[PDB]
Structure formats: structure tokens, C-alpha cells
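Below is run-v6.cif, holding mmCIF, C-alpha atoms.
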data_final
#
loop_
_atom_site.group_PDB
_atom_site.id
_atom_site.type_symbol
_atom_site.label_atom_id
_atom_site.label_comp_id
_atom_site.auth_asym_id
_atom_site.auth_seq_id
_atom_site.Cartn_x
_atom_site.Cartn_y
_atom_site.Cartn_z
ATOM 1 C CA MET A 1 0.000 0.000 0.000
ATOM 2 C CA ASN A 2 1.193 3.506 -0.869
ATOM 3 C CA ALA A 3 -0.690 6.755 -0.266
ATOM 4 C CA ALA A 4 1.563 9.531 1.028
ATOM 5 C CA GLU A 5 3.725 11.887 -1.032
ATOM 6 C CA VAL A 6 6.633 13.358 0.929
ATOM 7 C CA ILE A 7 8.431 16.281 -0.708
ATOM 8 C CA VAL A 8 11.606 17.392 1.068
ATOM 9 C CA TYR A 9 14.531 19.484 -0.168
ATOM 10 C CA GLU A 10 18.111 18.440 0.579
ATOM 11 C CA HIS A 11 19.308 22.045 0.793
ATOM 12 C CA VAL A 12 18.260 25.698 0.971
ATOM 13 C CA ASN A 13 15.043 26.890 -0.671
ATOM 14 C CA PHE A 14 16.901 28.681 -3.465
ATOM 15 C CA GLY A 15 19.480 26.274 -4.855
ATOM 16 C CA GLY A 16 19.100 22.690 -3.702
ATOM 17 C CA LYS A 17 18.016 19.232 -4.833
ATOM 18 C CA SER A 18 14.462 18.072 -4.131
ATOM 19 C CA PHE A 19 12.870 14.619 -4.239
ATOM 20 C CA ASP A 20 9.348 13.245 -3.822
ATOM 21 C CA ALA A 21 9.391 9.444 -3.935
ATOM 22 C CA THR A 22 6.005 7.783 -3.436
ATOM 23 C CA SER A 23 7.579 4.608 -2.053
ATOM 24 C CA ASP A 24 9.418 5.383 1.185
ATOM 25 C CA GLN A 25 12.244 7.893 0.756
ATOM 26 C CA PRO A 26 15.861 7.309 1.860
ATOM 27 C CA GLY A 27 14.971 9.196 5.025
ATOM 28 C CA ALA A 28 17.550 10.414 7.530
ATOM 29 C CA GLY A 29 20.685 8.286 7.677
ATOM 30 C CA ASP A 30 23.757 10.379 6.907
ATOM 31 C CA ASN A 31 22.683 13.080 9.362
ATOM 32 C CA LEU A 32 25.011 14.662 11.921
ATOM 33 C CA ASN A 33 24.746 18.325 12.913
ATOM 34 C CA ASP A 34 25.554 20.529 9.919
ATOM 35 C CA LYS A 35 22.054 20.108 8.489
ATOM 36 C CA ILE A 36 20.299 22.934 6.645
ATOM 37 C CA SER A 37 17.275 22.567 4.367
ATOM 38 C CA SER A 38 13.498 22.918 4.082
ATOM 39 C CA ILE A 39 10.628 20.515 4.753
ATOM 40 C CA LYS A 40 7.292 20.269 2.942
ATOM 41 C CA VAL A 41 4.359 17.987 3.754
ATOM 42 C CA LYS A 42 1.046 17.581 1.931
ATOM 43 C CA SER A 43 -0.411 14.391 3.406
ATOM 44 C CA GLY A 44 -0.750 13.262 7.011
ATOM 45 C CA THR A 45 2.122 13.887 9.412
ATOM 46 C CA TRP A 46 5.539 12.503 10.348
ATOM 47 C CA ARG A 47 7.734 12.231 13.442
ATOM 48 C CA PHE A 48 11.081 14.039 13.514
ATOM 49 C CA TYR A 49 13.533 13.107 16.266
ATOM 50 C CA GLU A 50 17.219 13.998 16.564
ATOM 51 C CA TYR A 51 18.803 11.355 18.793
ATOM 52 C CA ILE A 52 19.520 7.654 19.288
ATOM 53 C CA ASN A 53 17.059 4.991 18.138
ATOM 54 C CA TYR A 54 15.906 4.691 21.750
ATOM 55 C CA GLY A 55 14.959 8.093 23.130
ATOM 56 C CA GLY A 56 15.123 11.570 21.643
ATOM 57 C CA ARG A 57 13.417 14.902 21.011
ATOM 58 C CA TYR A 58 10.089 13.695 19.621
ATOM 59 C CA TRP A 59 8.734 16.394 17.309
ATOM 60 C CA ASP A 60 6.062 15.596 14.722
ATOM 61 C CA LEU A 61 5.429 18.014 11.855
ATOM 62 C CA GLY A 62 2.037 18.658 10.287
ATOM 63 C CA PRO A 63 0.578 20.369 7.200
ATOM 64 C CA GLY A 64 3.033 23.152 6.418
ATOM 65 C CA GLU A 65 6.439 24.044 4.998
ATOM 66 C CA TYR A 66 9.480 25.522 6.740
ATOM 67 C CA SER A 67 13.174 26.194 6.132
ATOM 68 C CA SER A 68 15.166 26.375 9.368
ATOM 69 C CA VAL A 69 18.958 26.637 9.488
ATOM 70 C CA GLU A 70 19.730 27.654 13.070
ATOM 71 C CA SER A 71 16.977 26.379 15.366
ATOM 72 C CA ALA A 72 16.057 22.818 14.400
ATOM 73 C CA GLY A 73 19.124 21.002 15.695
ATOM 74 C CA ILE A 74 22.662 22.297 15.240
ATOM 75 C CA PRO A 75 24.584 21.617 18.478
ATOM 76 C CA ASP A 76 27.775 20.092 17.078
ATOM 77 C CA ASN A 77 27.316 16.429 16.159
ATOM 78 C CA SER A 78 24.696 13.744 16.784
ATOM 79 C CA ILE A 79 22.293 11.247 15.218
ATOM 80 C CA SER A 80 18.800 11.920 13.872
ATOM 81 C CA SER A 81 15.951 10.165 12.061
ATOM 82 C CA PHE A 82 12.299 10.544 11.066
ATOM 83 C CA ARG A 83 9.582 8.101 10.013
ATOM 84 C CA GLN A 84 7.780 9.117 6.820
ATOM 85 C CA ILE A 85 4.115 8.391 7.531
#
What does this structure look like when you write it as C-alpha cells?
Amino acid sequence: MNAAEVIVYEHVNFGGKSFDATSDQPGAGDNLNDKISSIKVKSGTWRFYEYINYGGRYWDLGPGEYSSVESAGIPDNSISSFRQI
């Protein structure tokens, strides 16, 4: 089953690469700390958490687009991941 288009840009909103795969995107894997891009959702909601796979800042995003680059999570270095649902 597939019914959720997730469009996220892998960079700034004025010169970056975007992708909208309708079959589970690569997601967050090569994260770290120096992350800067924009997020766009147009179907349901997801759960964004920057930490280990067992406990972290649980923050789900809903209908809306944003482009943070100094508030989301830029401490120094750490792990992060989000489930595209």
C-alpha cells in the first residue's frame, strides 16, 4: 500500500536538490549536525527526532512548509531520524 507523497529538499530553498518518492524515501541516515534545508508535507504527518534509536526529542510536523537553518538542531554532532508516515 502507498498513499503519502513526501516532498523534502536536501538544501536551501533557493538552490538545492528536491525529491518526492512515493515509495518510502531514503529518510535520515547520513545526518550529523551541519544540516540545513526545508521541509514540505502535503499528506498526514511525520515524526522528527534527533537522537539515538531509543529516546530523543520527539517532534512531529504537520501540514506546512518551513526552512530552518539555526533552530532545528545544530549543536555540534549527533544522530537523527524521522519516520515518513
* To do: Apply the PyMOL selection byres ((chain A and resi 78) around 12) to the file shown and report the selected residues as an MDAnalysis selection string.
  => chainID A and resid 29:35 49:53 56 73:77 79:81
* Please write as a list in words the full residue list that the PyMOL selection byres ((chain A and resi 66) around 7) yields on this file. =>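 Given this file, the PyMOL selection byres ((chain A and resi 66) around 7) evaluates to residues 38, 39, 40, 64, 65, 67 and 68 of chain A.
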* If you measure from atom CA of residue 22 of chain A to atom CA of residue 6 of chain A, what distance in Å do you get, rounded to one decimal? ->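 That distance, rounded to one decimal, is 7.1 Å.
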* To do: Would you work out the distance separating atom CA of residue 13 of chain A from atom CA of residue 37 of chain A, expressed in Å to one decimal?
  =>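 Pair atom CA of residue 13 of chain A / atom CA of residue 37 of chain A returns 7.0 Å.
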* To do: List, as number ranges by chain, every residue that the PyMOL selection byres ((chain A and resi 27) around 9) selects in the file provided.
  => A: 24-26, 28-29, 81-84
Regenerate segment 45-70 of chain A at the level of N, CA, C and O atoms and dump it as a PDB file, in the coordinates of the input.
ATOM      1  N   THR A  45       1.048  13.290   8.628  1.00  0.00           N
ATOM      2  CA  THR A  45       2.122  13.887   9.412  1.00  0.00           C
ATOM      3  C   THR A  45       3.222  12.872   9.702  1.00  0.00           C
ATOM      4  O   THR A  45       3.003  11.663   9.615  1.00  0.00           O
ATOM      5  N   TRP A  46       4.405  13.369  10.045  1.00  0.00           N
ATOM      6  CA  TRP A  46       5.539  12.503  10.348  1.00  0.00           C
ATOM      7  C   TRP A  46       6.102  12.808  11.732  1.00  0.00           C
ATOM      8  O   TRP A  46       5.632  13.717  12.417  1.00  0.00           O
ATOM      9  N   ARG A  47       7.109  12.043  12.138  1.00  0.00           N
ATOM     10  CA  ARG A  47       7.734  12.231  13.442  1.00  0.00           C
ATOM     11  C   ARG A  47       9.235  12.468  13.296  1.00  0.00           C
ATOM     12  O   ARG A  47       9.981  11.570  12.905  1.00  0.00           O
ATOM     13  N   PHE A  48       9.670  13.684  13.611  1.00  0.00           N
ATOM     14  CA  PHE A  48      11.081  14.039  13.514  1.00  0.00           C
ATOM     15  C   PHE A  48      11.745  14.011  14.887  1.00  0.00           C
ATOM     16  O   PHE A  48      11.302  14.686  15.816  1.00  0.00           O
ATOM     17  N   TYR A  49      12.810  13.226  15.007  1.00  0.00           N
ATOM     18  CA  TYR A  49      13.533  13.107  16.266  1.00  0.00           C
ATOM     19  C   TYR A  49      15.039  13.058  16.028  1.00  0.00           C
ATOM     20  O   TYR A  49      15.528  12.239  15.249  1.00  0.00           O
ATOM     21  N   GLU A  50      15.769  13.940  16.703  1.00  0.00           N
ATOM     22  CA  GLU A  50      17.219  13.998  16.564  1.00  0.00           C
ATOM     23  C   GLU A  50      17.907  13.376  17.775  1.00  0.00           C
ATOM     24  O   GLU A  50      18.207  14.061  18.753  1.00  0.00           O
ATOM     25  N   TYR A  51      18.153  12.072  17.703  1.00  0.00           N
ATOM     26  CA  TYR A  51      18.803  11.355  18.793  1.00  0.00           C
ATOM     27  C   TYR A  51      18.904   9.865  18.482  1.00  0.00           C
ATOM     28  O   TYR A  51      18.563   9.425  17.384  1.00  0.00           O
ATOM     29  N   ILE A  52      19.375   9.094  19.457  1.00  0.00           N
ATOM     30  CA  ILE A  52      19.520   7.654  19.288  1.00  0.00           C
ATOM     31  C   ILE A  52      18.203   7.015  18.860  1.00  0.00           C
ATOM     32  O   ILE A  52      17.169   7.678  18.805  1.00  0.00           O
ATOM     33  N   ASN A  53      18.249   5.720  18.560  1.00  0.00           N
ATOM     34  CA  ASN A  53      17.059   4.991  18.138  1.00  0.00           C
ATOM     35  C   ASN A  53      16.241   4.540  19.346  1.00  0.00           C
ATOM     36  O   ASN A  53      15.302   3.755  19.214  1.00  0.00           O
ATOM     37  N   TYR A  54      16.605   5.043  20.520  1.00  0.00           N
ATOM     38  CA  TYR A  54      15.906   4.691  21.750  1.00  0.00           C
ATOM     39  C   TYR A  54      15.841   5.884  22.700  1.00  0.00           C
ATOM     40  O   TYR A  54      16.455   5.877  23.767  1.00  0.00           O
ATOM     41  N   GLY A  55      15.091   6.908  22.304  1.00  0.00           N
ATOM     42  CA  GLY A  55      14.959   8.093  23.130  1.00  0.00           C
ATOM     43  C   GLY A  55      15.526   9.331  22.463  1.00  0.00           C
ATOM     44  O   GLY A  55      16.708   9.375  22.123  1.00  0.00           O
ATOM     45  N   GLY A  56      14.681  10.340  22.274  1.00  0.00           N
ATOM     46  CA  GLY A  56      15.123  11.570  21.643  1.00  0.00           C
ATOM     47  C   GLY A  56      14.027  12.615  21.579  1.00  0.00           C
ATOM     48  O   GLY A  56      12.882  12.347  21.941  1.00  0.00           O
ATOM     49  N   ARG A  57      14.380  13.811  21.119  1.00  0.00           N
ATOM     50  CA  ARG A  57      13.417  14.902  21.011  1.00  0.00           C
ATOM     51  C   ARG A  57      12.329  14.569  19.995  1.00  0.00           C
ATOM     52  O   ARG A  57      12.506  14.769  18.793  1.00  0.00           O
ATOM     53  N   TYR A  58      11.204  14.059  20.486  1.00  0.00           N
ATOM     54  CA  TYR A  58      10.089  13.695  19.621  1.00  0.00           C
ATOM     55  C   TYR A  58       9.326  14.936  19.164  1.00  0.00           C
ATOM     56  O   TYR A  58       8.673  15.605  19.965  1.00  0.00           O
ATOM     57  N   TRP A  59       9.414  15.235  17.874  1.00  0.00           N
ATOM     58  CA  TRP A  59       8.734  16.394  17.309  1.00  0.00           C
ATOM     59  C   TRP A  59       8.106  16.054  15.962  1.00  0.00           C
ATOM     60  O   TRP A  59       8.804  15.917  14.957  1.00  0.00           O
ATOM     61  N   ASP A  60       6.784  15.918  15.948  1.00  0.00           N
ATOM     62  CA  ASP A  60       6.062  15.596  14.722  1.00  0.00           C
ATOM     63  C   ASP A  60       5.638  16.865  13.990  1.00  0.00           C
ATOM     64  O   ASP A  60       5.179  17.827  14.609  1.00  0.00           O
ATOM     65  N   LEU A  61       5.794  16.862  12.671  1.00  0.00           N
ATOM     66  CA  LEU A  61       5.429  18.014  11.855  1.00  0.00           C
ATOM     67  C   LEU A  61       4.127  17.756  11.101  1.00  0.00           C
ATOM     68  O   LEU A  61       3.878  16.646  10.634  1.00  0.00           O
ATOM     69  N   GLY A  62       3.301  18.791  10.987  1.00  0.00           N
ATOM     70  CA  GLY A  62       2.037  18.658  10.287  1.00  0.00           C
ATOM     71  C   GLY A  62       1.987  19.481   9.017  1.00  0.00           C
ATOM     72  O   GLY A  62       2.999  20.004   8.550  1.00  0.00           O
ATOM     73  N   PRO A  63       0.785  19.606   8.434  1.00  0.00           N
ATOM     74  CA  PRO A  63       0.578  20.369   7.200  1.00  0.00           C
ATOM     75  C   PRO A  63       1.256  21.735   7.245  1.00  0.00           C
ATOM     76  O   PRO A  63       0.830  22.627   7.976  1.00  0.00           O
ATOM     77  N   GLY A  64       2.314  21.891   6.454  1.00  0.00           N
ATOM     78  CA  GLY A  64       3.033  23.152   6.418  1.00  0.00           C
ATOM     79  C   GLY A  64       4.468  22.988   5.958  1.00  0.00           C
ATOM     80  O   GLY A  64       5.030  21.895   6.037  1.00  0.00           O
ATOM     81  N   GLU A  65       5.062  24.075   5.474  1.00  0.00           N
ATOM     82  CA  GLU A  65       6.439  24.044   4.998  1.00  0.00           C
ATOM     83  C   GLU A  65       7.303  25.040   5.766  1.00  0.00           C
ATOM     84  O   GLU A  65       6.845  26.124   6.129  1.00  0.00           O
ATOM     85  N   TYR A  66       8.553  24.664   6.012  1.00  0.00           N
ATOM     86  CA  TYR A  66       9.480  25.522   6.740  1.00  0.00           C
ATOM     87  C   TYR A  66      10.912  25.302   6.264  1.00  0.00           C
ATOM     88  O   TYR A  66      11.230  24.274   5.665  1.00  0.00           O
ATOM     89  N   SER A  67      11.775  26.278   6.535  1.00  0.00           N
ATOM     90  CA  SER A  67      13.174  26.194   6.132  1.00  0.00           C
ATOM     91  C   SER A  67      14.086  26.754   7.219  1.00  0.00           C
ATOM     92  O   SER A  67      14.572  27.881   7.118  1.00  0.00           O
ATOM     93  N   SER A  68      14.315  25.959   8.259  1.00  0.00           N
ATOM     94  CA  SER A  68      15.166  26.375   9.368  1.00  0.00           C
ATOM     95  C   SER A  68      16.629  26.059   9.077  1.00  0.00           C
ATOM     96  O   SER A  68      16.940  25.135   8.325  1.00  0.00           O
ATOM     97  N   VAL A  69      17.526  26.833   9.680  1.00  0.00           N
ATOM     98  CA  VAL A  69      18.958  26.637   9.488  1.00  0.00           C
ATOM     99  C   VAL A  69      19.748  27.139  10.691  1.00  0.00           C
ATOM    100  O   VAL A  69      20.927  27.471  10.577  1.00  0.00           O
ATOM    101  N   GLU A  70      19.089  27.191  11.846  1.00  0.00           N
ATOM    102  CA  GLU A  70      19.730  27.654  13.070  1.00  0.00           C
ATOM    103  C   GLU A  70      18.759  27.603  14.246  1.00  0.00           C
ATOM    104  O   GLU A  70      18.738  28.502  15.087  1.00  0.00           O
TER     105      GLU A  70
END
